[PDB]
Structures are given as structure tokens and as C-alpha cells.
Amino acid sequence: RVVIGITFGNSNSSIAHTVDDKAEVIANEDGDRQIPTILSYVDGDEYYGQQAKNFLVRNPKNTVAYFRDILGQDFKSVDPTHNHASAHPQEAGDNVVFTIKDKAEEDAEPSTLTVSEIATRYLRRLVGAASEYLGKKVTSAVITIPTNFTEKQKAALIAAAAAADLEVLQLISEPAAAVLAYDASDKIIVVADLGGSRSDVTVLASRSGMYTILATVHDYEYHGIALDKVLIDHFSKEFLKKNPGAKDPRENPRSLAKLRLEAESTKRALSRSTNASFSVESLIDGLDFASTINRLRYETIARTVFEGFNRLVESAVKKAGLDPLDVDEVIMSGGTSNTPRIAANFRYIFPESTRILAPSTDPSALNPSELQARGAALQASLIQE
Ligand SMILES: Nc1ncnc2c1ncn2[C@@H]1O[C@H](COP(=O)(O)OP(=O)(O)OP(=O)(O)O)[C@@H](O)[C@H]1O
Ligand SMILES: [Mg+2]
């Protein structure tokens, strides 16, 4: 057996392994450690990750994205909101499917593929990137999953992995994996996992080395995509003000795809510095756009989303029958937990006895985006030994 840990999310995925008792996240051949969970086909060639993400603009119909949560779902339960700008999920008997041109033709018929096949194809590429870094064929993984994954979805993921010739050793929860990454002593823990298409808040008790979940809140409205949108509307209004009579770039799918990508970029820049640029060439009707926004201004226009996150955490603690005083640690997980302001907002909500594990409010904090993959990798090694 050659084992790795895998986090497999609606927006990004990550791979990790353990060296000398320590987990390290593996960069793929694009140099990414946060690998977009997207598949795309151009001229019969298969792309995944960032190259696939980039094809959202010019090749949306043959790009499958935001499919993690669709795996194992009954078709009636599928919300295709986030697939609107890419391949649309379809009902085909008992399965949910995507119809995409994955053949070289040029007049070849489009393939109708199940989400399960999409996941298999993606996992193959994801594990392939692990194998290439290691020089050995990866055989087995621990994979992280949401706490609301149904039995059908758990089974579907296991089967999709098998079809990718990957042995699943264990499925552990996304929040559990984040706790593990921190090295894990009795305490009450809140994992605030703020992601792209979703946020999940989990309250866990640590009891004699064992974790039990006391309560969870799942939210599909307050997340990084909502933040992206704040920036998109902010700059679209600037563009329109600066270009009287020009068409609204949000109402043109191509212009909107370009705005999504740049806004995300700008957002992430503002997590590491206090000023950031936003620019798109040929945004719409041949017009270029360039502007800037500082962290203070961003936090102002994003405040309503930021307060959504507060109430999710508050809902969760109360759901567990607890009070903020009862919490010993808040672990900030997920890509959106990289946002400096959010750390500050939580540090305000919890008493000084509560600890806030985020890069800016704790000396021992880890990178929020690596927590899950690291935890998976650590669990895979514990199993191997
Ligand atoms: N440095 C950063 N600052 C702010 N946001 C970031 C940063 N890095 C990543 N993000 C955001 O995190 C979100 C995705 O989080 P994560 O990588 O945990 O995704 P995921 O768990 O695969 O997503 P999903 O919630 O769709 O399952 C995106 O909206 C992305 O723009
Ligand atoms: Mg996630």
C-alpha cells in the first residue's frame, strides 16, 4: 500500500502525505496545493484543476464544476445554481448526468456521463498528481466528507474511488480532519469551516481522546461565493459609472465568467495585503476595465456576509445547548477562513478563555486551507501503522 490523505470539496481539492511523522500538502504539476474541483475538455484533451477553471470563460459547456455535492444525490435534491455557468446536471433514469463534448470530433456525439464517472475521472487526475510527486503508484487514501453526507453518498464516493483504482481506507469528517491537523486534553471545540459554495459549523466535545459532535449547522448562502459577488457588484457598478451606455457585464455570461475569476483573485489578495487591484481586459464590448479596492473598503461592503458567519457560529453553539463561554477553541477552517476580518470578528464573540485558531489571532495557528488534507494524511498513516 501507498497511502495519502485527500480532501475533495465542491470548489477545491487537496492531497497530502506524511513524512517523518508530519503531514505535508502536495502541490500538483500546476504548482497548486488548492486544486479546483473542475473538469474540462478541449479538442478531446482532458483538463482538471486551474487549467480547467480557466476554461470556464471560453469553454463553459464542456466543463463540469461544483459536482462534489451532486455525487450520490437523488436528482430532485440537486440545486444546479452553481452549475449554471458550466455543464448543467441532467436526469437520466436513476442517475444524475452531464452531457459534454469529450471526444476529439469535430462531429463526434457528445458523451452523456454520470456524476460518478466525472468524480472517477477527476479523482484519477488528483491521485495521478500525488503518484507523480511520489514516484510510486498510490493505492489507498483516507478521504474527508461533510457530516451531512448520506449513506448513499458515502457509498457513491467509495464506488467512484474504486472505479479510479483507489482503495478507501476510511471516510472521516471534514471537521474531524481539521481537529486532527492541530494535533488534537478534554475540551469543547467549534470548527468554523467557511468554504466556497457552503459553510459548515461543527461543535465537538473531546472526551478521553475521543471526539463527539454535539451539533452542526450547514449553510449554502453565506460563503466565499457570496463574497465574490460583493466584489462583482462593486466593480460592475464602477465599470458602468465609468462607461455610460456600456452593457452590464453581469448580464453577459462571458463577461460574468471573467468577473468571477478576477473578483476571486482580488478577494484573496486582500487576505494577504491591505490593497488590491481588479482588472479585466476586453470585459465587455471591447472595453477594458481596471480599478483597486483596499481592505477597509472591502470589509465595509462585505459586512452583511461577515455577519452571516457570526450567526452560523452562534446558531451552532446554541444548538449544542451551550454558551460561548463553554467553548475552549474555535478552529478556523476552509479557504474563506483566510480572511483576517473574520478571525477578528470571532475573537470578539468568544471570551478571552476561548482560543481562536487563525493565522492572525494565534501563534500556533495553521493555514486554514490545508487543515483538512493534513488531517486526512495523518489518519492514513495512523491506519498504515
Ligand atoms: N486567502 C484567501 N482569502 C479569502 N478567501 C479565500 C482565500 N483562499 C481561498 N479562499 C476562498 O475559499 C473558498 C473555497 O474554500 P475551500 O478551498 O475550503 O473550498 P471547498 O471546501 O472545496 O469549497 P465548497 O465550500 O464549495 O465545498 C473560495 O470562495 C475561495 O475564493
Ligand atoms: Mg469544504
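Order of appearance sets the numbers: ligands from 1, and atoms from 1 within every ligand. Throughout, numbering of the chain's residues begins at 1 and tracks the sequence.
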Per-atom contacts of ligand 1 with [X], taking only distances under 4.0 Å to non-hydrogen atoms:
X: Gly334; answer: 18 (O)
X: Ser197; answer: 24 (P), 25 (O), 26 (O)
X: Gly195; answer: 13 (C), 14 (C), 15 (O), 25 (O)

Taking side chain as C-beta onward, heavy atoms only, is [X] less than 4.5 Å from [Y]?
X: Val230; Y: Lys267; answer: no
X: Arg121; Y: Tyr48; answer: no
X: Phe75; Y: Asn95; answer: no
X: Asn338; Y: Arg268; answer: no
X: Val127; Y: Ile6; answer: yes

What do you reckon, does [X] have a nitrogen or oxygen under 3.5 Å from a nitrogen or oxygen of ligand 1?
X: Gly196; result: yes
X: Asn12; result: yes
X: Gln372; result: no
X: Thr37; result: no
X: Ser13; result: no
X: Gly335; result: yes

Quiz item: Minimum heavy-atom separation for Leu378 to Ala23, with atom names?
Solution: CG-CB, 3.9 Å
Quiz item: Relative to atom 12 (O) of ligand 1, which among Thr339, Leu371, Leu270, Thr336 owns the nearest non-hydrogen atom?
Solution: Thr336
Exercise. Give the single entry among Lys267, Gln34, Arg198 that approaches atom 29 (O) of ligand 1 most closely by any heavy atom.
Key: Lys267
Self-check item: Verdict with supporting geometry, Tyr222 and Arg311, side-chain hydrogen bond (donor to acceptor under 3.5 Å, both in side chains)
Solution: CA-CA 10 Å; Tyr222 292 96; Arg311 317 193 291 264; 3.1 Å; yes
Quiz prompt | Region of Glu264 that comes within reach of ligand 1 [heavy atoms, distance under 4.0 Å] | solution = side chain
Self-check item: Residue portion contacting ligand 1 (non-hydrogen atoms closer than 4.0 Å) for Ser271
Solution: side chain
Quiz prompt | Donor-acceptor contact present, side-chain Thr18 to main-chain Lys22, <3.5 Å | solution = yes
Quiz item: Relative to the ring of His82, is the ring of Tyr66 parallel (under 30°), tilted (30 to 60°) or perpendicular (over 60°)?
Solution: tilted
Quiz item: In terms of the angle between their ring planes, are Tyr47 and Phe55 parallel, tilted or perpendicular, with boundaries placed at 30° and 60°?
Solution: perpendicular
[atom] [closest protein heavy-atom partner, distance rounded to 0.1 Å]:
atom: atom 21 (O) of ligand 1; answer: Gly9 CA, 4.4 Å
atom: atom 19 (O) of ligand 1; answer: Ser11 CB, 3.7 Å
atom: atom 1 (N) of ligand 1; answer: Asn338 CB, 3.3 Å
atom: atom 27 (O) of ligand 1; answer: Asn10 N, 2.9 Å

Quiz item: Any luck finding a side-chain donor-acceptor pair between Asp200 and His218 under 3.5 Å?
Solution: yes
